[PDB]
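Heads up, the chain below is alone and in the form deposited in one PDB entry; it's given as structure tokens.
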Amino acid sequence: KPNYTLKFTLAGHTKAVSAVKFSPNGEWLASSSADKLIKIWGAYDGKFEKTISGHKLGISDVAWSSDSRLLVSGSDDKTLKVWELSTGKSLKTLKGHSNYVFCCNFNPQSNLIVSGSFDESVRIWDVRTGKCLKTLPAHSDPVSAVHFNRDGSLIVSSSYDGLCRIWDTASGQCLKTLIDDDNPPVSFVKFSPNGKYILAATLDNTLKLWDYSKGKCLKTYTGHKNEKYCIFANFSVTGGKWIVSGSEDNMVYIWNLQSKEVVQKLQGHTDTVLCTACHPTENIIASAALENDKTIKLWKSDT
């Protein structure tokens, strides 16, 4: 079992924190917020680095490029912005979605960006030119998450419409629709680090590990509270193999991936833990919470 304990609490955002992500090189933590700002922090010591500003309304997601040099954010101003970490410059503003942008990610090569929106579409953008390459009529309700697979050949999307869908990056064809015997909103999805599974959250207090190629649910993770918000979930692979997620009872939940048992609950936040992230090489978890809390917390474990 892990032994995560609190090391740092990071105050700075003036509204709910919407996402936290460690840079692939392990150096930084990026946070986004309803306060319209992205903030960069030292991953190991929590030391504030810089604020990145530009969006006109709150931000729902931020993501790193594979080389840790760029970030992309999605906002209620209906744009995405591509940022250069070193300079803080907005290199491109991606305009095309007709409603709020909810989620975003680079592909492994960091030459494409995928985005999901309240306009019910998934869009694929060229990073270099900042132009919209494809618009997929993906869902019948807002798109809650989008993620590229290990080689970038596939995109997985999730939606409040209750569906998880797999898309061919090149053609834009819908290759698969995944759903279980109940039809609750799907609030989050991502491929596993090894690329052969997807982890999906639904708003019935349940996380599920799918073999997406076979279309079978392999594992379910329960114990947490999730009926309202699109809470991030993660694979922890640096020490023991865990599943990590936020919860609406104000705690971070950690499960054993294989046994599906709850192995730890991290207490400290004063509001719903909306976002969590796992560091790429060290046993470090970042967590952040909604309007009544406004803080980010860094937890560390020897296992």
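Start at 1 and count along the sequence shown; that's the residue number.
Requested in this report: Pick between 55 to 63 and 267 to 275: the one whose mean CA B-factor in the entry is higher.
Outcome: Comparing 55 to 63 with 267 to 275, the higher average CA B-factor belongs to 267 to 275.
**Report entry** Per the entry, higher mean C-alpha B factor between 209 to 217 and 147 to 155
**Finding:** So the stretch with the higher mean C-alpha B-factor is 209 to 217.
Query raised in the report: Considering only 100, 232, 197, 167, which residue's Cα atom bears the greatest B-factor as recorded?
Result: That would be 197.
**Report entry** Member of 134, 139, 225, 190 with the greatest C-alpha B factor (per the PDB record)
**Finding:** Top of the list by C-alpha B-factor: 134.
Report task. Taking the chain's C-alpha temperature factors as the reference, tell me which third residue 185 falls into: lowest, middle or highest. Result -> Answer is middle: the recorded C-alpha B-factor places it there.
Query - Third of the chain, ranked by Cα B-factor, where residue 92 sits - result: For residue 92, the deposited C-alpha B-factor lands in the highest third.
Report task. Within this chain's modelled residues, let me know which third the CA B factor of residue 68 belongs to: lowest, middle or highest. Result -> For residue 68, whose C-alpha B-factor we compare with every modelled residue in the chain, the answer is the middle third.
Report task. Could you say whether, by C-alpha temperature factor, residue 14 belongs to the lowest, middle or highest third of its chain? Result -> It belongs to the middle third of the chain when residues are ordered by C-alpha B-factor.
Requested in this report: Within this chain's modelled residues, let me know which third the CA B factor of residue 44 belongs to: lowest, middle or highest.
Outcome: Top third by C-alpha B-factor.
One more form of this protein, solved in complex with a partner chain, exists but is not displayed; see below.
Report task. Establish, in the bound PDB entry, whether 193, 237 and 257 all lie within 4.5 Å of its partner chain, using non-hydrogen atoms for the distance. Result -> Affirmative, all three are within 4.5 Å.
Query raised in the report: Tell me, which of 176, 134, 219, 225 has a heavy atom within 4.5 angstroms of its partner chain in the bound PDB entry?
Result: It is 219 that has a heavy atom within 4.5 Å of the partner.
Query raised in the report: Which one, 83, 167, 197, 148, lies within 4.5 Å of its partner chain in the bound PDB entry by heavy atoms?
Result: Residue within 4.5 Å of the partner: 197.
Query raised in the report: Does the 4.5 Å heavy atom contact test between residue 209 and its partner chain in the bound PDB entry come out positive?
Result: Residue 209: contacts its partner chain in the bound PDB entry.
Query raised in the report: Looking at 83 to 91, 126 to 134, 229 to 237, 106 to 114, which one sits within 4.5 Å of its partner chain in the bound PDB entry if you count heavy atoms only?
Result: That would be stretch 229 to 237.
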